[PDB]
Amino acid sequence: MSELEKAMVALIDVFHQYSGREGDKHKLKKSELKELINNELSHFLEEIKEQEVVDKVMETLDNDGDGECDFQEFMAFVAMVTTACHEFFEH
């Protein structure tokens, strides 16, 4: 596999690692999303410690209003973070 292919596999893997913990196995509830950010995005995002921030993150990502983050919504989140990373080598 190429580096790009390996990256795509890692996205699927980490999503499912967290989504499969509780409830709907194909979606992230707030606690699953919080843990994914805190454990897996610690170099790119400040740790989430406040319920208000958990709530705002889910509200931002949950485009279909079901209170959870599905795979498409997670990929949109990945796109936003990856876009923000540009500041640290271009702008």
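Residue numbers run from 1 along the displayed sequence. Each form is matched to the other, and the largest set of C-alpha atoms that superpose within 1.5 Å is called the rigid core.
- Between 79 to 87 and 9 to 17, the larger mean CA deviation from the shown form in 6 other deposited structures of this protein, after core superposition, belongs to 79 to 87.
- For the pair 79 to 87 and 5 to 13, the mean B factor over Cα atoms is greater in 79 to 87.
- In this crystal structure, the stretch out of 48 to 56 and 32 to 40 whose C-alpha atoms carry the higher mean B factor is 48 to 56.
- In the deposited entry, the Cα temperature factor of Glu73 places it in the lowest third of its chain's modelled residues.
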